[PDB]
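Right, one structure below, let's go through it.
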Amino acid sequence: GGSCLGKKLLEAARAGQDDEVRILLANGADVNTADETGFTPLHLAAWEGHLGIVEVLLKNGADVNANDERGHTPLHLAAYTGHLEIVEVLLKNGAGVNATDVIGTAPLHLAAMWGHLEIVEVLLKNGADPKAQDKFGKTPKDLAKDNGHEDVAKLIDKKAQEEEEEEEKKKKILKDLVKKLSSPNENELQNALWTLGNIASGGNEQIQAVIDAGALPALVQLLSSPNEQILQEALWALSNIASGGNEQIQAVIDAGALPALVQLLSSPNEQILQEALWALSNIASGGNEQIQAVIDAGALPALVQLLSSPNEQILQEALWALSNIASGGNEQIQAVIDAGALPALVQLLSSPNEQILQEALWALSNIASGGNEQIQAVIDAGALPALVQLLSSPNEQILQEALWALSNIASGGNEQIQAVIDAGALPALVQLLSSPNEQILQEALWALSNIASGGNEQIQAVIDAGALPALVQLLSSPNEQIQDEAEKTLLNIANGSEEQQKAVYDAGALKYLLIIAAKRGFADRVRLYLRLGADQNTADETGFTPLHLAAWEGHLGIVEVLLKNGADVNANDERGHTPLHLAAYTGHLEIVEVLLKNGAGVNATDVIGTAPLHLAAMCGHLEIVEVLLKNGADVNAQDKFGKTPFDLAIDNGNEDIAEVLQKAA
Amino acid sequence: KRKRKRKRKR
C-alpha cells in the first residue's frame, strides 16, 4: 500500500490496459484514488470506454457514485460518451440514476444532448427523471430538440407521458379509498383502511400521497369509531404516517389527532393502547415544536401514570414515548421533569426486566442531555447510585446505555461532575478502558473526558482513579477515534495545575502523543509536544520515528519542525528505510528536497538494497527522480534482485523517467 | 459539553 501503488491506475484506465490495471490492484490498495480534477479510476475508465476496467474496479469494493470537483459521476460520464454496455453495470450495483452535479444536468439530460439511442432505454427502466430540468432550464426532451435529433426524444416524452398518467391513476385510487373511509359498509371501510395504511408503510413519498389524498381527517374521525377493529387499524395508519418526516408529522398534528391519541391512552384495550403509544412516539420523534404539541395535548400525566402499568410490554412503550419527548429541548425536557417522571424512572432502574431497564436508561439519558438544572434534577432523584451499579451488568447493552446516561450527567458543570465522582463511577470507568468491546471502550472514554474537563478537583480524582496509565495505553489503539478521545482526555487533564500536567508526562504520554500528532497533520500540536519534552528521535518497535510518519503522510510543516529540533534525518526502521525512502515512494517533492537540504543520504540502501532512486523511478515520480540526480544519486545502483532504477522504470512503463535515466547514466 | 440526544422511530 502507498501513494505509489495507486499512481498509474489513473492513466492505465485513461490508456486501457486490463493487465496493468490488474497488477496495479493485485497487491491491494485504494480502488478509487484522488485526482487533480477529483476524478477516480472508475470515471476515466467509463469516459474512454474500457469496459474491462469499470467491471474489475467494482468487484473488489470501490464506489459507483464518486464525485469530482463539479459533481460528475461515472453514470454522467457513461452517458456523455454513449456507451450502453458500460451503463447498466453501474445501474446494476446501485448508481444514482438521478444524480445531480453543480451544473444541474442529469445523465439523461446529457444522453439527449448528443442524442444517444439504447442508453436512454436502460436509465428510464431504472427510473430516470425526465421531467426534472437542470439550472439552465432545458429538460432532456428539450436538449434533444436543440441537438437536432428526435430519435429517442419520442421515447423520452412517452415515459414522461406515462409518468403523468400513472401519477393521476394513483391520485384517483387514493381519493376513492379515502371516500370509502366514510362508507357505512364496514367491510368496504376496512379494506380501504388497510390499503391506505399499507401504502403509508412505504417510503416518505408514499406517505405524502396518502396525506395529499385527504386521508388524515377521515383517519382522525375513525379514532372515535365504536368498532375497535376499525379503531386499531386507523391507529396503525396514523402511526405509519407519523413515522415519516417532520412535515408528515405536522400534518398529523394539524389534522387534530393528538387530543384523540391522548384520550386513547386511557383505553382498557391493550392493543389499542399500544397503537396509540406507537402513534404518539412517532410524533414525538419530530422537532421540538412537534414534541411540544404532544405535551400541550396533555400526554405527560397519562404517560407517567402508565409507568406503573402491570403490563411490562405497555411499560416499554410508555418509556419509548417518554424517551422521545425528552429528546427535545430544555423546555420539553423540563415538562417531563415537572410531570413527575424522574421518581418512576429511577425506580424502574431496579426492574429485573432487562428490556424495561434499557428503555428506562434511554429516558434518563435524554433528560440528562439538557441543561445543568435538568441534569441536577436527575441527580436529585437518586439515579447515580443505580447507574453506577448498572456498570457491573453482564448485559453489554445495559452497560452501554448506563455509560451514555453517565456521560450526559458528566457534561454539566463541576457540581454535576463532582456528583458523578462522589457516586464512585471512576473505578468502573477506568476498568472499562480495558474492555474488549470497542463500543464500551468509547462510551467509557467519552464519560471520562467530560469528567476530565472539570475543575482541578475533578481532574485530580481522575488521576487518583489510575486513569493515566490506561489512558496512555489507549494512545496506541488501532482505532484512531479512540486515540483522539484519549488524547482529548489527557489534554483536559494537562490543562489543570502544573502538578497534574506533570503527571501526564511522568506517565510517558508525550512519546505516543507526538506519534499521533505526527500522523494527523497539524504542526502546532507537534510543536507543543516537542516543547513539552517529547523525544523527536524515539522510534517504535518497527523503528518508525516521527520523522518517518510525516514523510510518509506528507506533512511538510511537521517534517521541517522535526528537523529543526534535532531529528535524525537518516533514521532507519527495521527494514532499513530512511525518511527519504518514504518521501520518494509516496511522491512528496517538497519533503524530498527538505530532507536532502538537511543532509539526507541520497544513496542510502535498505535491507534489500533499495535506494531512493529505485522508489522514485518505479512509481513515476519524474520530478523526484530529477531532484535525486542533482544531489548525486547513483544511477547504476542495484537492489538484491539486480535491478537498476532504469530497469524498474521499464518494468513499470514509466518511459519519461527511463529516458532521463538512460542518458544521465 | 457533550450532551447527546437520541430519537427512535417505529
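In the C-alpha cells, each chain is lettered A, B, ... as it comes, each chain's residues begin at 1, and ligands are numbered from 1 in order of appearance.
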Self-check item: Exercise: residue 175 (chain A) partners within 10 Å, only C-alpha atoms, chain neighbours under 2 positions left out, as a list in words
Solution: residues 169, 170, 171, 172, 173, 177, 178, 179, 180, 209, 210, 212, 213, 214 and 215 of chain A
Self-check item: Residues within 8 Å of residue 7 (chain B), only C-alpha atoms, excluding chain neighbours under 2 positions, as a PyMOL selection string
Solution: (chain A and resi 285+323-324+327) or (chain B and resi 5+9)
Written selection (C-alpha atoms) as a PDB file, in the first residue's frame:
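Writing the result to part_28.pdb gives the following:
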ATOM      1  CA  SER A 285     -39.647  11.809  17.199  1.00  0.00           C
ATOM      2  CA  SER A 323     -37.705   8.937  25.779  1.00  0.00           C
ATOM      3  CA  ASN A 324     -38.639  10.657  22.508  1.00  0.00           C
ATOM      4  CA  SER A 327     -35.082  14.136  23.184  1.00  0.00           C
TER       5      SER A 327
ATOM      6  CA  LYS B   5     -29.899  13.188  22.397  1.00  0.00           C
ATOM      7  CA  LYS B   9     -38.995   5.957  15.107  1.00  0.00           C
TER       8      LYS B   9
END
Enumerate the residues of region 453-546 of chain A with a DSSP assignment of alpha helix (DSSP H), computed from the backbone, and present them as a PDB file with N, CA and C atoms, in the first residue's frame.
ATOM      1  N   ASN A 456      -9.951  21.458  38.877  1.00  0.00           N
ATOM      2  CA  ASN A 456      -8.756  20.712  39.259  1.00  0.00           C
ATOM      3  C   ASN A 456      -9.081  19.584  40.230  1.00  0.00           C
ATOM      4  N   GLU A 457     -10.116  19.749  41.055  1.00  0.00           N
ATOM      5  CA  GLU A 457     -10.513  18.664  41.948  1.00  0.00           C
ATOM      6  C   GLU A 457     -11.047  17.475  41.159  1.00  0.00           C
ATOM      7  N   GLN A 458     -11.867  17.740  40.138  1.00  0.00           N
ATOM      8  CA  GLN A 458     -12.381  16.664  39.299  1.00  0.00           C
ATOM      9  C   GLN A 458     -11.280  16.040  38.453  1.00  0.00           C
ATOM     10  N   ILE A 459     -10.312  16.843  38.007  1.00  0.00           N
ATOM     11  CA  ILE A 459      -9.167  16.293  37.289  1.00  0.00           C
ATOM     12  C   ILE A 459      -8.338  15.409  38.213  1.00  0.00           C
ATOM     13  N   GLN A 460      -8.156  15.838  39.464  1.00  0.00           N
ATOM     14  CA  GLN A 460      -7.341  15.072  40.401  1.00  0.00           C
ATOM     15  C   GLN A 460      -7.976  13.724  40.717  1.00  0.00           C
ATOM     16  N   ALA A 461      -9.305  13.687  40.846  1.00  0.00           N
ATOM     17  CA  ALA A 461      -9.980  12.420  41.106  1.00  0.00           C
ATOM     18  C   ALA A 461      -9.821  11.455  39.940  1.00  0.00           C
ATOM     19  N   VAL A 462      -9.744  11.976  38.714  1.00  0.00           N
ATOM     20  CA  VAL A 462      -9.495  11.123  37.557  1.00  0.00           C
ATOM     21  C   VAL A 462      -8.092  10.532  37.627  1.00  0.00           C
ATOM     22  N   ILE A 463      -7.114  11.332  38.054  1.00  0.00           N
ATOM     23  CA  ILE A 463      -5.752  10.828  38.203  1.00  0.00           C
ATOM     24  C   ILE A 463      -5.684   9.798  39.323  1.00  0.00           C
ATOM     25  N   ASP A 464      -6.344  10.073  40.450  1.00  0.00           N
ATOM     26  CA  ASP A 464      -6.295   9.156  41.581  1.00  0.00           C
ATOM     27  C   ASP A 464      -6.978   7.828  41.285  1.00  0.00           C
ATOM     28  N   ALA A 467      -6.385   6.497  36.017  1.00  0.00           N
ATOM     29  CA  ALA A 467      -6.786   6.604  34.621  1.00  0.00           C
ATOM     30  C   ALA A 467      -5.596   6.861  33.703  1.00  0.00           C
ATOM     31  N   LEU A 468      -4.562   7.550  34.196  1.00  0.00           N
ATOM     32  CA  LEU A 468      -3.437   7.921  33.339  1.00  0.00           C
ATOM     33  C   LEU A 468      -2.767   6.727  32.669  1.00  0.00           C
ATOM     34  N   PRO A 469      -2.412   5.640  33.369  1.00  0.00           N
ATOM     35  CA  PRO A 469      -1.787   4.513  32.654  1.00  0.00           C
ATOM     36  C   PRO A 469      -2.694   3.891  31.606  1.00  0.00           C
ATOM     37  N   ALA A 470      -3.990   3.760  31.902  1.00  0.00           N
ATOM     38  CA  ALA A 470      -4.919   3.197  30.927  1.00  0.00           C
ATOM     39  C   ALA A 470      -5.164   4.163  29.774  1.00  0.00           C
ATOM     40  N   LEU A 471      -5.204   5.467  30.061  1.00  0.00           N
ATOM     41  CA  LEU A 471      -5.385   6.455  29.001  1.00  0.00           C
ATOM     42  C   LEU A 471      -4.160   6.520  28.096  1.00  0.00           C
ATOM     43  N   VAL A 472      -2.960   6.484  28.682  1.00  0.00           N
ATOM     44  CA  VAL A 472      -1.739   6.442  27.881  1.00  0.00           C
ATOM     45  C   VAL A 472      -1.711   5.185  27.025  1.00  0.00           C
ATOM     46  N   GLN A 473      -2.098   4.047  27.607  1.00  0.00           N
ATOM     47  CA  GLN A 473      -2.114   2.795  26.859  1.00  0.00           C
ATOM     48  C   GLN A 473      -3.108   2.839  25.704  1.00  0.00           C
ATOM     49  N   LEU A 474      -4.169   3.643  25.822  1.00  0.00           N
ATOM     50  CA  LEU A 474      -5.141   3.741  24.739  1.00  0.00           C
ATOM     51  C   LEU A 474      -4.633   4.580  23.575  1.00  0.00           C
ATOM     52  N   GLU A 480      -8.416   5.098  15.604  1.00  0.00           N
ATOM     53  CA  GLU A 480      -7.947   6.473  15.732  1.00  0.00           C
ATOM     54  C   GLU A 480      -8.926   7.344  16.508  1.00  0.00           C
ATOM     55  N   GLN A 481     -10.225   7.040  16.441  1.00  0.00           N
ATOM     56  CA  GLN A 481     -11.192   7.767  17.256  1.00  0.00           C
ATOM     57  C   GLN A 481     -10.941   7.545  18.741  1.00  0.00           C
ATOM     58  N   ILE A 482     -10.452   6.360  19.110  1.00  0.00           N
ATOM     59  CA  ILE A 482     -10.064   6.118  20.495  1.00  0.00           C
ATOM     60  C   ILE A 482      -8.788   6.880  20.827  1.00  0.00           C
ATOM     61  N   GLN A 483      -7.832   6.912  19.894  1.00  0.00           N
ATOM     62  CA  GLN A 483      -6.623   7.703  20.100  1.00  0.00           C
ATOM     63  C   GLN A 483      -6.957   9.171  20.329  1.00  0.00           C
ATOM     64  N   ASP A 484      -7.906   9.706  19.559  1.00  0.00           N
ATOM     65  CA  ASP A 484      -8.229  11.124  19.653  1.00  0.00           C
ATOM     66  C   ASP A 484      -8.936  11.452  20.962  1.00  0.00           C
ATOM     67  N   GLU A 485      -9.900  10.624  21.367  1.00  0.00           N
ATOM     68  CA  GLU A 485     -10.632  10.915  22.594  1.00  0.00           C
ATOM     69  C   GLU A 485      -9.770  10.673  23.826  1.00  0.00           C
ATOM     70  N   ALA A 486      -8.848   9.710  23.761  1.00  0.00           N
ATOM     71  CA  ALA A 486      -7.878   9.559  24.840  1.00  0.00           C
ATOM     72  C   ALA A 486      -6.877  10.705  24.846  1.00  0.00           C
ATOM     73  N   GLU A 487      -6.576  11.265  23.673  1.00  0.00           N
ATOM     74  CA  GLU A 487      -5.736  12.456  23.609  1.00  0.00           C
ATOM     75  C   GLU A 487      -6.453  13.658  24.209  1.00  0.00           C
ATOM     76  N   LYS A 488      -7.733  13.830  23.870  1.00  0.00           N
ATOM     77  CA  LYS A 488      -8.521  14.921  24.434  1.00  0.00           C
ATOM     78  C   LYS A 488      -8.609  14.813  25.950  1.00  0.00           C
ATOM     79  N   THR A 489      -8.788  13.594  26.464  1.00  0.00           N
ATOM     80  CA  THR A 489      -8.852  13.402  27.908  1.00  0.00           C
ATOM     81  C   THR A 489      -7.535  13.792  28.568  1.00  0.00           C
ATOM     82  N   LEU A 490      -6.414  13.352  27.992  1.00  0.00           N
ATOM     83  CA  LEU A 490      -5.111  13.696  28.551  1.00  0.00           C
ATOM     84  C   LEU A 490      -4.809  15.182  28.408  1.00  0.00           C
ATOM     85  N   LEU A 491      -5.380  15.838  27.395  1.00  0.00           N
ATOM     86  CA  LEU A 491      -5.202  17.280  27.257  1.00  0.00           C
ATOM     87  C   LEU A 491      -6.017  18.036  28.299  1.00  0.00           C
ATOM     88  N   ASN A 492      -7.250  17.591  28.558  1.00  0.00           N
ATOM     89  CA  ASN A 492      -8.046  18.209  29.613  1.00  0.00           C
ATOM     90  C   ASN A 492      -7.369  18.059  30.969  1.00  0.00           C
ATOM     91  N   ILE A 493      -6.767  16.895  31.223  1.00  0.00           N
ATOM     92  CA  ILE A 493      -6.049  16.692  32.475  1.00  0.00           C
ATOM     93  C   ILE A 493      -4.815  17.583  32.530  1.00  0.00           C
ATOM     94  N   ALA A 494      -4.136  17.758  31.395  1.00  0.00           N
ATOM     95  CA  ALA A 494      -2.956  18.611  31.356  1.00  0.00           C
ATOM     96  C   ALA A 494      -3.299  20.086  31.519  1.00  0.00           C
ATOM     97  N   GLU A 498      -0.026  22.612  37.458  1.00  0.00           N
ATOM     98  CA  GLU A 498       1.260  22.174  36.925  1.00  0.00           C
ATOM     99  C   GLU A 498       1.617  20.773  37.402  1.00  0.00           C
ATOM    100  N   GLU A 499       1.170  20.395  38.600  1.00  0.00           N
ATOM    101  CA  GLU A 499       1.401  19.034  39.075  1.00  0.00           C
ATOM    102  C   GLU A 499       0.617  18.023  38.248  1.00  0.00           C
ATOM    103  N   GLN A 500      -0.644  18.332  37.936  1.00  0.00           N
ATOM    104  CA  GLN A 500      -1.443  17.435  37.109  1.00  0.00           C
ATOM    105  C   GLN A 500      -0.878  17.340  35.698  1.00  0.00           C
ATOM    106  N   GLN A 501      -0.389  18.462  35.164  1.00  0.00           N
ATOM    107  CA  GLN A 501       0.254  18.446  33.855  1.00  0.00           C
ATOM    108  C   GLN A 501       1.533  17.616  33.882  1.00  0.00           C
ATOM    109  N   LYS A 502       2.263  17.657  34.999  1.00  0.00           N
ATOM    110  CA  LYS A 502       3.471  16.850  35.143  1.00  0.00           C
ATOM    111  C   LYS A 502       3.148  15.364  35.238  1.00  0.00           C
ATOM    112  N   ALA A 503       2.013  15.017  35.851  1.00  0.00           N
ATOM    113  CA  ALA A 503       1.635  13.616  35.988  1.00  0.00           C
ATOM    114  C   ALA A 503       1.304  12.986  34.641  1.00  0.00           C
ATOM    115  N   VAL A 504       0.774  13.772  33.703  1.00  0.00           N
ATOM    116  CA  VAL A 504       0.526  13.256  32.361  1.00  0.00           C
ATOM    117  C   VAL A 504       1.840  12.916  31.670  1.00  0.00           C
ATOM    118  N   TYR A 505       2.890  13.695  31.924  1.00  0.00           N
ATOM    119  CA  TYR A 505       4.170  13.484  31.261  1.00  0.00           C
ATOM    120  C   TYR A 505       5.032  12.453  31.974  1.00  0.00           C
ATOM    121  N   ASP A 506       4.897  12.329  33.296  1.00  0.00           N
ATOM    122  CA  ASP A 506       5.554  11.239  34.005  1.00  0.00           C
ATOM    123  C   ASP A 506       4.944   9.889  33.660  1.00  0.00           C
ATOM    124  N   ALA A 509       3.229   9.917  28.301  1.00  0.00           N
ATOM    125  CA  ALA A 509       2.265  10.155  27.234  1.00  0.00           C
ATOM    126  C   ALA A 509       2.865  10.921  26.062  1.00  0.00           C
ATOM    127  N   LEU A 510       3.890  11.744  26.308  1.00  0.00           N
ATOM    128  CA  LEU A 510       4.438  12.589  25.250  1.00  0.00           C
ATOM    129  C   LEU A 510       5.024  11.766  24.112  1.00  0.00           C
ATOM    130  N   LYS A 511       5.528  10.567  24.407  1.00  0.00           N
ATOM    131  CA  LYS A 511       6.051   9.704  23.354  1.00  0.00           C
ATOM    132  C   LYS A 511       4.958   9.337  22.357  1.00  0.00           C
ATOM    133  N   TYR A 512       3.789   8.933  22.861  1.00  0.00           N
ATOM    134  CA  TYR A 512       2.707   8.486  21.993  1.00  0.00           C
ATOM    135  C   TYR A 512       1.876   9.645  21.455  1.00  0.00           C
ATOM    136  N   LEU A 513       1.801  10.758  22.191  1.00  0.00           N
ATOM    137  CA  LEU A 513       1.104  11.932  21.676  1.00  0.00           C
ATOM    138  C   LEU A 513       1.833  12.523  20.474  1.00  0.00           C
ATOM    139  N   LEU A 514       3.168  12.551  20.519  1.00  0.00           N
ATOM    140  CA  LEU A 514       3.936  13.044  19.380  1.00  0.00           C
ATOM    141  C   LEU A 514       3.731  12.160  18.157  1.00  0.00           C
ATOM    142  N   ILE A 515       3.601  10.850  18.371  1.00  0.00           N
ATOM    143  CA  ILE A 515       3.352   9.927  17.269  1.00  0.00           C
ATOM    144  C   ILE A 515       1.992  10.199  16.639  1.00  0.00           C
ATOM    145  N   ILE A 516       0.974  10.446  17.466  1.00  0.00           N
ATOM    146  CA  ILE A 516      -0.351  10.763  16.938  1.00  0.00           C
ATOM    147  C   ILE A 516      -0.313  12.076  16.168  1.00  0.00           C
ATOM    148  N   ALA A 517       0.300  13.104  16.764  1.00  0.00           N
ATOM    149  CA  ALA A 517       0.353  14.411  16.118  1.00  0.00           C
ATOM    150  C   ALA A 517       1.175  14.379  14.835  1.00  0.00           C
ATOM    151  N   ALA A 518       2.179  13.503  14.758  1.00  0.00           N
ATOM    152  CA  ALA A 518       2.979  13.429  13.540  1.00  0.00           C
ATOM    153  C   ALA A 518       2.194  12.822  12.385  1.00  0.00           C
ATOM    154  N   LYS A 519       1.171  12.020  12.682  1.00  0.00           N
ATOM    155  CA  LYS A 519       0.359  11.386  11.651  1.00  0.00           C
ATOM    156  C   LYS A 519      -0.814  12.254  11.215  1.00  0.00           C
ATOM    157  N   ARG A 520      -1.425  12.986  12.149  1.00  0.00           N
ATOM    158  CA  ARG A 520      -2.633  13.740  11.830  1.00  0.00           C
ATOM    159  C   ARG A 520      -2.340  14.872  10.853  1.00  0.00           C
ATOM    160  N   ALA A 523       0.709  20.963  12.771  1.00  0.00           N
ATOM    161  CA  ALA A 523       2.084  21.080  13.242  1.00  0.00           C
ATOM    162  C   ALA A 523       2.193  21.774  14.595  1.00  0.00           C
ATOM    163  N   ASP A 524       1.216  22.608  14.961  1.00  0.00           N
ATOM    164  CA  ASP A 524       1.304  23.315  16.236  1.00  0.00           C
ATOM    165  C   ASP A 524       1.229  22.357  17.415  1.00  0.00           C
ATOM    166  N   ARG A 525       0.489  21.257  17.272  1.00  0.00           N
ATOM    167  CA  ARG A 525       0.481  20.235  18.312  1.00  0.00           C
ATOM    168  C   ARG A 525       1.812  19.497  18.359  1.00  0.00           C
ATOM    169  N   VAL A 526       2.448  19.308  17.199  1.00  0.00           N
ATOM    170  CA  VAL A 526       3.791  18.735  17.167  1.00  0.00           C
ATOM    171  C   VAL A 526       4.769  19.651  17.890  1.00  0.00           C
ATOM    172  N   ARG A 527       4.675  20.961  17.631  1.00  0.00           N
ATOM    173  CA  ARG A 527       5.488  21.919  18.375  1.00  0.00           C
ATOM    174  C   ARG A 527       5.186  21.848  19.865  1.00  0.00           C
ATOM    175  N   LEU A 528       3.907  21.704  20.219  1.00  0.00           N
ATOM    176  CA  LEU A 528       3.514  21.625  21.623  1.00  0.00           C
ATOM    177  C   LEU A 528       4.201  20.461  22.324  1.00  0.00           C
ATOM    178  N   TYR A 529       4.071  19.255  21.767  1.00  0.00           N
ATOM    179  CA  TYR A 529       4.633  18.079  22.424  1.00  0.00           C
ATOM    180  C   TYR A 529       6.156  18.132  22.456  1.00  0.00           C
ATOM    181  N   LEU A 530       6.782  18.618  21.380  1.00  0.00           N
ATOM    182  CA  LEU A 530       8.232  18.792  21.390  1.00  0.00           C
ATOM    183  C   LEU A 530       8.653  19.796  22.456  1.00  0.00           C
ATOM    184  N   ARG A 531       7.978  20.948  22.502  1.00  0.00           N
ATOM    185  CA  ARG A 531       8.293  21.959  23.508  1.00  0.00           C
ATOM    186  C   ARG A 531       8.153  21.401  24.919  1.00  0.00           C
ATOM    187  N   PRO A 546       8.954   9.712  14.447  1.00  0.00           N
ATOM    188  CA  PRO A 546       8.017  10.749  13.985  1.00  0.00           C
ATOM    189  C   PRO A 546       8.385  11.337  12.633  1.00  0.00           C
TER     190      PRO A 546
END
For chain A versus chain B, which residues have an atom no more than 8 Å away, and what is each residue's nearest atom pair and distance in Å rounded to one decimal, using only C-alpha atoms, chain-then-number order, as JSON lines?
{"residue": "A:243", "atom": "CA", "partner": "B:9", "partner_atom": "CA", "distance": 6.0}
{"residue": "A:278", "atom": "CA", "partner": "B:10", "partner_atom": "CA", "distance": 7.2}
{"residue": "A:281", "atom": "CA", "partner": "B:9", "partner_atom": "CA", "distance": 7.2}
{"residue": "A:282", "atom": "CA", "partner": "B:9", "partner_atom": "CA", "distance": 5.4}
{"residue": "A:285", "atom": "CA", "partner": "B:7", "partner_atom": "CA", "distance": 5.8}
{"residue": "A:323", "atom": "CA", "partner": "B:7", "partner_atom": "CA", "distance": 7.6}
{"residue": "A:324", "atom": "CA", "partner": "B:7", "partner_atom": "CA", "distance": 5.5}
{"residue": "A:327", "atom": "CA", "partner": "B:5", "partner_atom": "CA", "distance": 5.3}
{"residue": "A:328", "atom": "CA", "partner": "B:5", "partner_atom": "CA", "distance": 7.8}
{"residue": "A:365", "atom": "CA", "partner": "B:5", "partner_atom": "CA", "distance": 7.6}
{"residue": "A:366", "atom": "CA", "partner": "B:5", "partner_atom": "CA", "distance": 5.4}
{"residue": "A:368", "atom": "CA", "partner": "B:3", "partner_atom": "CA", "distance": 7.8}
{"residue": "A:369", "atom": "CA", "partner": "B:3", "partner_atom": "CA", "distance": 4.7}
{"residue": "A:370", "atom": "CA", "partner": "B:3", "partner_atom": "CA", "distance": 7.0}
{"residue": "A:407", "atom": "CA", "partner": "B:2", "partner_atom": "CA", "distance": 7.6}
{"residue": "A:408", "atom": "CA", "partner": "B:3", "partner_atom": "CA", "distance": 5.4}
{"residue": "A:411", "atom": "CA", "partner": "B:1", "partner_atom": "CA", "distance": 4.7}
{"residue": "A:412", "atom": "CA", "partner": "B:1", "partner_atom": "CA", "distance": 6.7}
{"residue": "A:450", "atom": "CA", "partner": "B:1", "partner_atom": "CA", "distance": 7.0}
Would you save the residues of that selection, restricted to N, CA, C and O atoms, as a compact mmCIF listing (two decimals), in the first residue's frame?
# COMPACT_ATOMS: atom_id res chain seq x y z
N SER A 243 -44.49 8.09 11.10
CA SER A 243 -43.13 7.58 11.02
C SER A 243 -42.30 8.27 9.94
O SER A 243 -41.10 8.01 9.84
N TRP A 278 -47.75 3.88 20.07
CA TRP A 278 -46.96 3.85 18.84
C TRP A 278 -47.06 5.18 18.10
O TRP A 278 -46.05 5.78 17.71
N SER A 281 -45.41 8.10 19.97
CA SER A 281 -43.95 8.02 19.97
C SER A 281 -43.36 8.50 18.65
O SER A 281 -42.31 9.14 18.64
N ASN A 282 -44.03 8.20 17.54
CA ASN A 282 -43.52 8.65 16.25
C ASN A 282 -43.67 10.16 16.09
O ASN A 282 -42.80 10.82 15.50
N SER A 285 -40.93 11.83 17.88
CA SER A 285 -39.65 11.81 17.20
C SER A 285 -39.42 13.04 16.33
O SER A 285 -38.41 13.12 15.64
N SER A 323 -39.08 8.75 26.23
CA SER A 323 -37.71 8.94 25.78
C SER A 323 -37.64 9.87 24.58
O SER A 323 -36.71 10.68 24.46
N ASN A 324 -38.62 9.78 23.68
CA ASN A 324 -38.64 10.66 22.51
C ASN A 324 -38.99 12.09 22.89
O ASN A 324 -38.45 13.04 22.33
N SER A 327 -36.11 13.86 24.18
CA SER A 327 -35.08 14.14 23.18
C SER A 327 -35.16 15.55 22.64
O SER A 327 -34.31 15.94 21.83
N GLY A 328 -36.16 16.33 23.04
CA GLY A 328 -36.30 17.70 22.60
C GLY A 328 -35.42 18.63 23.39
O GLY A 328 -34.45 18.22 24.04
N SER A 365 -31.21 9.15 29.94
CA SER A 365 -30.11 9.67 29.13
C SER A 365 -30.52 10.94 28.40
O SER A 365 -29.74 11.89 28.30
N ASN A 366 -31.75 10.98 27.87
CA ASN A 366 -32.21 12.16 27.16
C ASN A 366 -32.53 13.30 28.11
O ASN A 366 -32.26 14.47 27.80
N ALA A 368 -31.02 13.78 30.91
CA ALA A 368 -29.69 14.23 31.30
C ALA A 368 -28.95 14.94 30.17
O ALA A 368 -27.86 15.46 30.41
N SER A 369 -29.51 14.98 28.96
CA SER A 369 -28.90 15.72 27.87
C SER A 369 -29.25 17.20 27.90
O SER A 369 -28.77 17.96 27.05
N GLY A 370 -30.07 17.63 28.85
CA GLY A 370 -30.47 19.02 28.95
C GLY A 370 -29.47 19.87 29.71
O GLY A 370 -28.31 19.50 29.88
N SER A 407 -22.44 9.80 30.91
CA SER A 407 -21.76 10.80 30.10
C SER A 407 -22.57 12.08 30.01
O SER A 407 -22.01 13.18 30.10
N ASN A 408 -23.89 11.97 29.84
CA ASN A 408 -24.74 13.15 29.76
C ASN A 408 -24.75 13.92 31.08
O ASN A 408 -24.73 15.16 31.08
N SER A 411 -21.65 15.96 31.57
CA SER A 411 -21.49 17.08 30.64
C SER A 411 -21.92 18.41 31.24
O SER A 411 -21.83 19.44 30.56
N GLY A 412 -22.37 18.42 32.49
CA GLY A 412 -22.79 19.64 33.14
C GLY A 412 -21.63 20.37 33.78
O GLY A 412 -20.47 20.21 33.39
N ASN A 450 -15.44 13.99 29.67
CA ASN A 450 -16.32 15.02 30.21
C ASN A 450 -15.99 15.31 31.67
O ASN A 450 -15.99 16.47 32.10
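Across the structure, CA of residue 267 (chain A) and CA of residue 248 (chain A) are spaced 25.6 Å apart.
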